[PDB]
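Asks: In the entry's author numbering, the protein residues as written are 22 to 364. All C-beta atoms, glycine included, are put in the ideal place defined by N, C-alpha and C. Next up is a structure, given as structure tokens.
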Ligand code: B12
Ligand code: NA
Ligand code: NA
Ligand SMILES: [O-]
């Protein structure tokens, strides 16, 4: 079930979200307690006697609640952090009752913001857990983050590729008014979006035909709401640590991949292979930092039909530990420096 000493500094627990497979209704949530050295592979269903659903796509801890965005079940599952017990299942539906298909969540003050493939952002109150307001953005909204009092939302248009084609913009929402103020042109099929230093926002663009590998990283200046830099590096997903990005790209035709350390100030590669100890990853499926230790966490999805792994590296590219067979297509790892009250 693991290799290496399962250890983290400054961290009580980790949560690993697994999306399962599209239309197979088999998402799952694992919890690892560093404090108790205990892994629970089915943390949501063990405590709630039902499954998370189909294509669980994002997870975050905010305040003292865990939020899981479940894309195809079209819900936001809100969970009490101390107990692991469901507080509310928030159905995300269009005015006609159809699925919005939510994707990602971000937070500011006492509000949560969920973007959805129907082209909307919903504001939820973190106390009442009611949906308060809906605003339209661009097409097939994919990811969302907060910077400088504003929301930034990638309008992928990914589901539209065969119709009008993919979309090409990041929507900007003023949080105070909750109104869309601008659509910034960034390039085709925007995806993962993250805030960085000095009011920056970084977004991946995946091209008009995602399979072809026309991938870029784009930097937006949130002071002027305009593109500052377009890099040439092929980037499919990334994580930010100050002026350094830890990133990967994947070739859906050849199945080759690369995981790299990248200098965001220079636009040049620091290390062509992030991993320095020979550890092999076949299908990198997520990348993120543990904010309490600085370690790099990458998930492994294999051929998408067998359970994947979570790998923990230091910034020097040395594997600290891995947890294997954690869930089907693990896509997000989040961390708590406070222990829950659940064994
Ligand atoms: C690999 C993959 C792809 C590959 C597939 C081909 C390849 N070269 O490998 C590529 C990169 C082309 C791809 C593209 C897209 N897909 Co895709 N991707 C997947 C992934 C990771 C695994 C699919 C797989 O191999 N599965 C297991 C095999 C054994 O089962 P399968 O039924 O044979 O799988 C087939 C379908 O998944 C199909 N497929 C792949 N993507 C999509 C998307 C849609 C909308 C449909 C109808 C079918 C489809 O291709 C697979 C092989 O034929 C899943 C993850 C998941 N399932 O949770 C998503 C997932 C199915 N993909 C998704 C998305 C969003 C996309 C894109 C819109 C991405 C984008 N452009 O922004 C496009 C749309 C299709 C297109 N061709 O343009 C979403 C669909 C969610 C939704 N509500 O519609 C999922 C669930 C990912 C997620 N959200 O977590 N994808
Ligand atoms: Na579960
Ligand atoms: Na469809
Ligand atoms: O995908």
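Any idea which residues DSSP pairs residue 305 with across the strands?
Replies: Residue mapping note: residue 305 aligns to position 284 of the chain shown, counting from 1. In the DSSP output, where bridge partners are listed per residue, residue 305 has 321.
Asks: Buried or exposed: which applies to residue 209, given that a residue is buried once 16 or more other Cβ atoms fall within 10 Å of its Cβ?
Replies: What you label residue 209 is simply residue 188 of the chain shown in a count that begins at 1. Residue 209 comes out buried.
Asks: Hey, how far is the Cα of residue 360 from the Cα of residue 347?
Replies: For the purposes of this step, residue 360 is taken as the residue at position 339 of the chain shown. For the purposes of this step, residue 347 is taken as the residue at position 326 of the chain shown. Distance between the alpha carbons of residue 360 and residue 347 is about 20 Å.
Asks: Taking the alpha-carbon positions, what's the residue 143 to residue 306 distance?
Replies: Taking the first residue of the chain shown as position 1, residue 143 is located at position 122. Taking the first residue of the chain shown as position 1, residue 306 is located at position 285. Answer to the nearest angstrom: the Cα atoms are 27 Å apart.
Asks: Which complete beta strand (DSSP E) runs does the segment 201–282 hold, if anything under 3 residues is left out?
Replies: Those beta strand (DSSP E) runs which fall completely within the segment 201–282 and span 3+ residues are 211–216, 221–226, 237–242, 247–251, 258–262, 265–271.
Asks: Could you check if residue 179 belongs to the surroundings of ligand 1, using beta carbon to heavy atom distance under 7 Å?
Replies: The residue given as residue 179 occupies position 158 in the chain shown. Under cutoff, so the answer is yes.
Asks: Relative to the C-alpha of residue 282, which residue among 54, 276, 295, 271 is closest?
Replies: The residue you call residue 282 lines up with position 261 of the chain shown. Here the closest residue by C-alpha is 295.
Asks: Could you check whether the Cβ of residue 160 sits closer than 7 Å to any heavy atom belonging to ligand 1?
Replies: Residue numbering aside, residue 160 sits at position 139 when the chain shown is read from its first letter. No, the Cβ of residue 160 stays beyond 7 Å of every heavy atom of ligand 1.
Asks: To the nearest angstrom, how far is the alpha carbon of residue 274 from that of residue 153?
Replies: Working through the chain shown from its first residue, we reach residue 274 at position 253. Working through the chain shown from its first residue, we reach residue 153 at position 132. Approximately 43 Å between the Cα atoms of the pair.
Asks: To which residues does DSSP link residue 359 through a beta bridge?
Replies: The sequence position of residue 359 within the chain shown is 338, counting from 1. Answer is none; residue 359 lacks a bridge partner.
Asks: Name the two residues that bound the continuous beta strand (DSSP E) containing residue 39.
Replies: In the chain shown, counting from the first residue as 1, residue 39 sits at position 18. Residues 34–39.
Asks: Measure the CB-CB distance between residue 87 and residue 353 and report whether it falls below 8 Å.
Replies: Within the chain shown, the letter at position 66 stands for residue 87. Within the chain shown, the letter at position 332 stands for residue 353. No, they are not a contact pair.
Asks: Measuring CB to CB, does residue 267 end up less than 8 Å from residue 214?
Replies: As a position in the chain shown, residue 267 is number 246, starting the count at 1. As a position in the chain shown, residue 214 is number 193, starting the count at 1. Contact flag unset, no.
Asks: Candidates 103, 156, 343: which alpha carbon is nearest residue 121's?
Replies: Along the chain shown, one-based indexing puts residue 121 at 100. Of the candidates 103, 156, 343, the one whose C-alpha sits nearest the C-alpha of residue 121 is 156.
Asks: What is the DSSP secondary structure of residue 79, reduced to helix, strand or coil?
Replies: As a first step, residue 79 is located in the chain shown; it is residue number 58 there, counting from the start. Three-state result, residue 79: strand.
Asks: Are the segment 103–114 and the segment 63–79 touching, with three or more C-beta to C-beta distances below 8 Å?
Replies: A contact exists between the segment 103–114 and the segment 63–79.
Asks: For residue 304, which option in 258, 314, 184 has the closest C-alpha, if you only look at C-alpha atoms?
Replies: Taking the first residue of the chain shown as position 1, residue 304 is located at position 283. Selected option, being the one with the closest Cα: 258.
Asks: Taking residue 351 and residue 320 to be in contact with their CB atoms under 8 Å, please state how far apart those CB atoms are, rounded to whole angstroms.
Replies: As a first step, residue 351 is located in the chain shown; it is residue number 330 there, counting from the start. As a first step, residue 320 is located in the chain shown; it is residue number 299 there, counting from the start. Yes, they are in contact, since the Cβ atoms of residue 351 and residue 320 sit about 4 Å apart, within 8 Å.
Asks: Using CA atoms only, rank isn't needed, just tell me which of 246, 252, 35, 101 is closest to residue 236.
Replies: One-based indexing of the chain shown puts residue 236 at position 215. Closest option to residue 236, Cα to Cα, is 252.
Asks: Which residues in the same chain as residue 325 place their Cβ atom closer than 7 Å to its Cβ, once the five residues preceding and following it in sequence are excluded?
Replies: In the chain shown, residue 325 corresponds to position 304, counting from 1. Cβ within range, chain order: 42, 350.
Asks: Could you pull the DSSP bridge partners for residue 28 from this structure?
Replies: Here residue 28 is taken as the residue at index 7 of the chain shown, counted from 1. Paired residue(s): none; residue 28 is not in a bridge.
Asks: Output the distance between the C-alpha atoms of residue 221 and residue 130, rounded to the nearest integer angstrom.
Replies: Here residue 221 is taken as the residue at index 200 of the chain shown, counted from 1. Here residue 130 is taken as the residue at index 109 of the chain shown, counted from 1. If you take the alpha carbons of residue 221 and residue 130, they lie about 20 Å apart.
Asks: How close, in whole Å, do the beta carbons of residue 83 and residue 147 come, if the pair is a contact with beta carbons under 8 Å?
Replies: Indexing the chain shown from 1 puts residue 83 at position 62. Indexing the chain shown from 1 puts residue 147 at position 126. 7 Å between Cβ atoms; contact.
Asks: Strictly closer than 6 Å from CB to any heavy atom of ligand 2: give me those residues in the order they appear in the chain.
Replies: Listed along the chain, these residues meet the criterion: 49, 50, 63, 64, 65, 66, 73.
Asks: Throw me the rounded Cβ distance for the residue 30 and residue 314 pair, which I believe falls under 8 Å.
Replies: Within the chain shown, the letter at position 9 stands for residue 30. Within the chain shown, the letter at position 293 stands for residue 314. Yes, residue 30 and residue 314 are in contact; Cβ-Cβ is about 5 Å, under 8 Å.
Asks: Apart from the five residues on each side of it in sequence, which residues of its chain come closer than 8 Å, Cβ to Cβ, to residue 114?
Replies: Mapped onto the chain shown, residue 114 falls at position 93. Answer for residue 114: 95, 120, 121, listed in chain order.
Asks: To which residues of the same chain is residue 244 closer than 8 Å at the C-beta, ignoring the five residues directly before and after it?
Replies: In the chain shown, residue 244 corresponds to position 223, counting from 1. So the list reads 169, 220, once near-sequence residues are dropped.
Asks: Around the C-beta of residue 28, are 16 or more other C-beta atoms found within 10 angstroms, so that it is buried, or is it exposed?
Replies: Within the chain shown, numbered from 1, the residue matching residue 28 stands at position 7. Label assigned to residue 28: exposed.
Asks: Can you tell me where the beta strand (DSSP E) with residue 182 in it begins and where it stops?
Replies: Sequence index remark: in the chain shown, residue 182 carries index 161 (1-based). Unbroken run through residue 182: none, as it is neither H nor E.
Asks: Tell me whether residue 40 counts as near ligand 1, meaning its Cβ is closer than 7 Å to at least one heavy atom of that ligand.
Replies: One-based indexing of the chain shown puts residue 40 at position 19. Answer for residue 40: yes, Cβ within range of ligand 1.
Asks: Quick test of your reading: residue 90 and residue 124, contact by CB under 8 Å. State the CB separation rounded to the nearest angstrom.
Replies: Taking the first residue of the chain shown as position 1, residue 90 is located at position 69. Taking the first residue of the chain shown as position 1, residue 124 is located at position 103. Between residue 124 and residue 90 the Cβ distance is about 6 Å, and since that is below 8 Å, they are a contact.
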